[PDB]
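Cβ coordinates were reconstructed from backbone atoms using ideal geometry, including for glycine residues, and neighbour counts include every protein chain displayed. Since every read-out is calculated from the coordinates, none of them should be taken as a lab result.
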2 protein chains.
Amino acid sequence: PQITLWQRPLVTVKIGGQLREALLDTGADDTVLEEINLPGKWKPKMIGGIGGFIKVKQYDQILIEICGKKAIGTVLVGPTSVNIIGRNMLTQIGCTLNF
Amino acid sequence: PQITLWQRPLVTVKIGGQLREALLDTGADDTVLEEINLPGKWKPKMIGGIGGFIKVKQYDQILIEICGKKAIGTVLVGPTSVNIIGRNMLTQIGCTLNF
């Protein structure tokens with residue numbers, strides 16, 4: 001689908017068998033989601049932002065279905081007030097910017 | 001221009017007589033620029049992101065040129081790690097997401 005930007009580009013995503021609403025974030029390199037119960041192993045990681053940084057648990061090869069499409073990649077789980085879908089996943093569902 | 005996300009969505013923007021590169025950011029409601037000399041007065045404001053909040057200067061009705069297109073609106077200048085063109089400006093250049 002095509003989406004304008006007068007509102008936040010929020011989509012429904014299915015991850016870890018759970019549902020969530022997330023933002024299609026073209027400015028985010030990574031995909032970061034609020035605390036969600038994901039199975040398995042992970043590595044502690046640091047990621048910076050506008051306010052600075054947060055430490056997050058890094059899960060690799062996580063399958064997500066964004067708005068009806070499938071993609072596998074790294075998902076960072078840490079203290080973020082919003083669920084963000086980054087370019088690593090946006091490139092997989094064939095998302096592009098147009099203007 | 002149709003922009004793919006394999007790389008950060010950078011664009012050349014002209015603001016206040018100066019040239020800068022800025023990240024087209026759908027995950028940003030606002031436009032936030034790093035250290036830059038901007039004429040006039042403003043209204044202090046604090047915005048949040050990942051890692052906490054940052055104090056910025058809020059300038060209104062600022063002409064901005066992203067690629068070949070002009071837009072006028074609020075711009076925030078602060079300690080940001082990257083110049084960001086948020087939805088307040090993106091809508092104005094008809095920027096859209098597609099997948």
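What is the local net charge at residue B:28, summed over the other residues whose Cβ is closer than 11 Å to its Cβ (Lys, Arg +1; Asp, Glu -1)?
Result for the neighbourhood of residue B:28: -2.
Taking H as built 1.01 Å from N, whose amide H comes closer than 5 Å to the amide H of residue B:83, not counting residues under 5 places away?
The answer is B:23, B:34.
Taking every DSSP beta bridge with both residues inside the protein assembly as shown, roughly what % is antiparallel (nearest 5)?
That works out to approximately 90 percent antiparallel.
What's the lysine pair count for chain A at a Cα cut-off below 19 Å, pairs eight or more apart or interchain?
9
Can you pull the mean other chain C-beta count within 10 Å for peptide B:85-96?
Average neighbour count from other chains, rounded to a whole number: 4.
Order the peptides B:49-59, A:45-55 from the highest to the lowest mean number of other Cβ atoms within 10 Å of their residues.
B:49-59, A:45-55
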